[PDB]
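Q: Got a sequence here, can you model it:
(one chain, ligands or ions: 1)
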Amino acid sequence: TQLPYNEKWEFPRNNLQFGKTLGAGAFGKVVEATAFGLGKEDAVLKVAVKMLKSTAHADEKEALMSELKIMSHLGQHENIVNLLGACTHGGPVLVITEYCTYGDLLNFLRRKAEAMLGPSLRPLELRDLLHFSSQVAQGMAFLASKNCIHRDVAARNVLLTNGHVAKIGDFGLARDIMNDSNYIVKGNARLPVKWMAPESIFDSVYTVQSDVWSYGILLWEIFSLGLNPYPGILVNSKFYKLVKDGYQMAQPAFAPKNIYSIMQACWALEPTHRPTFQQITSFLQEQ
Ligand SMILES: Cc1nc(-c2cnc(NC(C)C)n(C)c2=O)ccc1Oc1ccnc(-c2cnn(C)c2)c1
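A: Residues are numbered from 1 along each chain as shown. Have a look at this structure:
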């Protein structure tokens, strides 16, 4: 980001055949597409393409390029949404990432729960939630090894692909956060407050451990099967005070006592005392 962009990621834009729009923000969107002759193997693949809408401004053009430059210098990991190519010459910027078959984790969890309650006219096992949690932890630990701060870790930014493997991603400009109830007004920007660490809300500081906090909130979403954090509590000055003073969500319905203990560790008031994603990973690989 704010550095030269490598041309190894360039891809012919007329070699994309676009399909349905997957997500749409205020000034950007992710669209599914079939890419032909992508990669060394010249694979023909279904992919996700990220692009700005017709309402194009200078500030929105930089935001997509920044996301691309960070992803380019990042590297490949099985449990993150990998970059496959970009279209930077010949027209509007297109960011080509892998296509995850099952969408985000939040809807998958919320649907499977509804399908599992069908006798109110496959199923999800506890092992499945431990694999989802383990997999995202591996992705975050990989970002933590590159000093790359996600700063919106949430189930809505975790995607499931072939074999229901979890990948951490970021819709960024392609989520309509303007109208999203999980993003609260805070002046110049709209922020996912209920996922944020207190020092990010007040000091506006983002680190690996601030992502560890939000990952702790993610664990609460996974093991509640898509419940909303701090449910029914309106984000206001009392909520800020409670979070800063040490208020924590109760144990979700389906988390073992030691998964809730790992949640509480991610929700420590002091950032250095929170676990690392490597420690979260290694623990969750056991479970
Ligand atoms: C979620 C997502 N994320 C990124 C992305 C990831 N990672 C970073 N950055 C790192 C450094 C964390 N950035 C900046 C990003 O933009 C790009 C596109 C994207 O969208 C997708 C991707 C796959 N599949 C779908 C989908 C939707 N529905 N279905 C059925 C499939 C949507």
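Q: interface residues of this protein facing the ligand?
A: 22-23, 30, 48, 50, 67, 70-71, 74, 81, 97-100, 103, 148, 150, 159, 169-172 (Cβ under 6 Å from any ligand atom). All C-beta spots, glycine's among them, are computed from the backbone N, C-alpha and C.
Q: give me that answer again for 8 Å
A: 22-23, 30, 32, 48, 50, 67-68, 70-71, 74, 80-81, 83, 95, 97-104, 143, 148, 150, 157, 159, 161, 167-174 (Cβ under 8 Å from any ligand atom).
Q: Filter those residues down to the buried ones, PyMOL style.
A: The PyMOL selection below is limited to those of the residues of the chain next to the ligand classed as buried (16 or more other Cβ atoms under 10 Å):
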select buried, resi 22+23+30+48+50+67+68+70+71+80+81+83+95+97+98+99+100+102+104+143+148+150+157+159+161+167+168+169+170+171+172+173+174
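Q: from the residues of the chain next to the ligand, which ones fall inside helices?
A: 67-68, 70-71, 143 (DSSP state H).
Q: quick one, domains of the protein?
A: 1-99, 100-284 (CATH domains of a matching chain).
Q: How far does the first one stretch from one end to the other?
A: This means domain 1-99. For domain 1-99, the first and last residues are 23 Å from each other (Cα to Cα, to the nearest Å).
Q: What of stretch 252-272?
A: 25 Å.
Q: In the protein, what residue spans correspond to helices?
A: So, for the chain - with DSSP H - the helices run 58-72, 105-116, 126-145, 198-202, 208-222, 237-245, 257-266, 277-286.
Q: okay, the angle between the longest one and helix 58-72?
A: So that's helix 126-145. Relative orientation of helix 126-145 and helix 58-72, computed by axes from the mean of the first three to the mean of the last three Cα atoms, to 10 degrees: 100 degrees.
Q: chain center to helix 126-145, what's the gap?
A: Distance of helix 126-145 from its chain centroid, counting by Cα atoms, centre = their mean, to the nearest Å, is 12 Å.
Q: Check which helices and strands that helix sits against.
A: Under the contact definition 3 or more Cβ pairs under 8 Å, 6 or more residues apart in numbering; DSSP states H and E, helix 126-145 sits against strand 158-160, strand 166-168, helix 208-222, helix 277-286.
Q: counting contacts, what elements does the third one pack onto?
A: Going back to what we said before, that points to helix 208-222. helix 105-116, helix 126-145, helix 198-202, helix 257-266, helix 277-286.
Q: Just the C-alphas of the second one, formatted as PDB.
A: Yep, that's helix 126-145 we're talking about. C-alpha atoms of helix 126-145 as PDB (Å, rounded to 0.1, in the frame of the first residue of the first chain):
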ATOM      1  CA  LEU A 126     -19.700 -29.100  17.400                       C
ATOM      2  CA  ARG A 127     -16.600 -30.300  15.500                       C
ATOM      3  CA  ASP A 128     -17.700 -28.100  12.600                       C
ATOM      4  CA  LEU A 129     -17.600 -24.900  14.800                       C
ATOM      5  CA  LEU A 130     -14.200 -25.900  16.200                       C
ATOM      6  CA  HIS A 131     -12.900 -26.300  12.600                       C
ATOM      7  CA  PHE A 132     -14.400 -22.900  11.600                       C
ATOM      8  CA  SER A 133     -12.800 -21.300  14.600                       C
ATOM      9  CA  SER A 134      -9.500 -23.100  14.100                       C
ATOM     10  CA  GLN A 135      -9.400 -22.100  10.400                       C
ATOM     11  CA  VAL A 136     -10.000 -18.400  10.900                       C
ATOM     12  CA  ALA A 137      -7.400 -18.400  13.700                       C
ATOM     13  CA  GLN A 138      -4.900 -19.800  11.200                       C
ATOM     14  CA  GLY A 139      -5.700 -17.100   8.700                       C
ATOM     15  CA  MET A 140      -5.400 -14.400  11.300                       C
ATOM     16  CA  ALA A 141      -2.100 -15.800  12.600                       C
ATOM     17  CA  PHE A 142      -0.900 -15.700   9.000                       C
ATOM     18  CA  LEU A 143      -1.900 -12.000   8.700                       C
ATOM     19  CA  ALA A 144      -0.300 -11.400  12.100                       C
ATOM     20  CA  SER A 145       3.000 -12.800  10.700                       C
END
